[PDB]
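Next comes just one chain, in structure tokens: the form deposited in one PDB entry.
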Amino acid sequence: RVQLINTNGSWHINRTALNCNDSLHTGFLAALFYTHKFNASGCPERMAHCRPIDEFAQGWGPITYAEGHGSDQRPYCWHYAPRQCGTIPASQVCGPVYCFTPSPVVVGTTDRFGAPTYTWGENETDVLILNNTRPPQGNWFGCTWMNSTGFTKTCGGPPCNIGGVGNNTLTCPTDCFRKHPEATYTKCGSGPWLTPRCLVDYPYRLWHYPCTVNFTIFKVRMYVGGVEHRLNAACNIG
């Protein structure tokens, strides 16, 4: 973070995929170097698209998992259901990839057989092996990165089916025990969103979720099948 570009012109972490291309004039790439200069005046409109959890219908019955893959949009909303993580090629990734255990961890670039590689993802065969199963058995709940053209991509889970289907159904990818008493994070968490109003704080949150510069940072406590987790969440309360 000290000097994002080292003395030799290159990005300071060479295990980071750095294939960025700001061809749509969104200025997401300048925000990479000046992230506290983010212009927040569009946030009230972008965040108005997300509905609070109390707007959602009560769930019931036993909980199953999400294999539908419906045309969902807007990963910046907490209720976004993602698809399960797989391997993604470095050619489409711009910046560090963080996965959430719920605690944040970075997945450097590797070759297809998992050996580490160190060329900022310029090889067309470099990948980021993000395949996830939910811990304690697995590794992490979900991941979040930025693609070349500047869109927040995210994966993980799969999310949960809490009962009902249609207009106002909540496919829970976080702790939704408000709507289903078994919809805990460990059962249903699929990434950084710890509650409908908290996401995990990590060094690039403000770049991947810039309309959360707003949020207050709370020390929170997560229990994942025994192993106690003490991590920082950025929550929207006021």
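One rule holds for the numbers: they count along the sequence shown, beginning at 1. Each form is matched to the other, and the largest set of C-alpha atoms that superpose within 1.5 Å is called the rigid core.
The same protein also has a form deposited in another entry, omitted here; what follows describes it.
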Comparing between the shown form and the other one on the core: of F38, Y204, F56, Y185, the CA moving 2 angstroms or more sits at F38
Inset, instruction - Spell out whether the Cα of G166 moves at least 2 Å between the shown form and the other one when the two forms are superposed on their rigid core. - result: yes
Taking the shown form as reference, the Cα pair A40 and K153 shifts by 3 Å or more in that other deposited form and sits closer
Checked in that other deposited form: CA of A17 to CA of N39 differs by 3 Å or more, atoms lying closer
